[PDB]
Amino acid sequence: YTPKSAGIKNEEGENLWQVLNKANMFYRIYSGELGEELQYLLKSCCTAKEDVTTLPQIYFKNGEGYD
RNA sequence: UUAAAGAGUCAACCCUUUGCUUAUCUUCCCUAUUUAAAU
């Protein structure tokens, strides 16, 4: 996700969602088969972001109590 | 218990034409008999 999903297309015309999900280069980079230069930068983007506004909330039984 | 919430509304010509048609052997055969008073 990026604001307005603008980005910049390649010379043939591709975005990251198409590039990383074409022929499984995501696992080829996450493992580190392309080096440790494209491995730290990609892992830097994997950060959590909490937001609960306008989401369903349901009670589930967990032994003695609820969650 | 993916809990809680929400107006789909409005309008319309389906019209026109038409040759179904010719022929034909259903044949042979046969034991229905046996009683009893009107309530």
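Residues numbered from 1 in each chain as written, not as in the entry; some residues may be left out. Chains lettered and ligands numbered in written order. Part of a larger assembly, values for the part shown. Heavy atoms only, no water.

Going by what the PDB entry lists, chain A is known as Csy1 and is assigned to Vibrio phage ICP1_2011_A.

Some remarks on the overall build of chain A
Rules: Secondary structure elements are defined from DSSP: runs of H or I of at least 4 residues count as helices, runs of E of at least 2 residues count as strands, and each element is numbered from the N terminus. The size measure is the radius of gyration over C-alpha atoms, and the globule rule it meets is 2.2 Å times the number of residues to the 0.38 power. Method for areas: the Shrake-Rupley scheme with a 1.4 Å probe, in which residue coverage is limited to the protein chains shown.
Summing up its helical and strand segments, chain A has three helices and zero strands in all. The order of α-helices and β-strands along chain A, N terminus first, is α-α-α. Relative to the globule expectation of 11 Å for 67 residues, the C-alpha radius of gyration of chain A, 19 Å, shows a markedly less compact shape. When the backbone C-alpha atoms are referred to their principal axes, chain A occupies close to 55 × 30 × 20 Å. Here chain A has roughly 7200 Å² of accessible surface; of this, 56% comes from carbon and sulfur atoms.

Observations concerning the environment of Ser44
Definition in use: Each residue gets one of three labels from its accessible area relative to the maximum for its type: buried under 20%, exposed over 50%, partly exposed in between, using a 1.4 Å probe on protein chains only. Each polar contact in these results corresponds to two N or O atoms within 3.5 Å; when the atoms are within protein, one needs to be able to donate a hydrogen and the other to accept it, and residues that are neighboring in sequence are counted only if both atoms are side-chain atoms.
Mapped onto the secondary structure, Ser44 falls in helix α3 (residues 37-44). Look at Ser44 and you get partly exposed, because its relative accessible area is 39%. One polar contact links the side chain of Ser44 to the main-chain carbonyl oxygen of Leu41, over a distance of 2.3 Å.

Details of the protein's contact with RNA strand B
The following threshold applies: We call a residue near a given molecule or strand whenever any one of its heavy atoms falls within 4 Å of it. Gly falls in the polar group here, along with every residue not listed as nonpolar (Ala, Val, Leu, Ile, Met, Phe, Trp, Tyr, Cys, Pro) or charged (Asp, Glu, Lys, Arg).
With respect to spatial proximity, the complete set of residues near RNA strand B consists of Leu55, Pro56, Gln57, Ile58 and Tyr59. Looking at RNA strand B alone, sugar and phosphate atoms form 26% of those within 4 Å of the protein. Here a base nitrogen of RNA strand B and a backbone polar atom of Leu55 are 3.0 Å apart. A distance of 3.4 Å separates a base nitrogen of RNA strand B from a polar backbone atom of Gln57. Among the residues forming the surface near RNA strand B, the class breakdown is four nonpolar, one polar and no charged.

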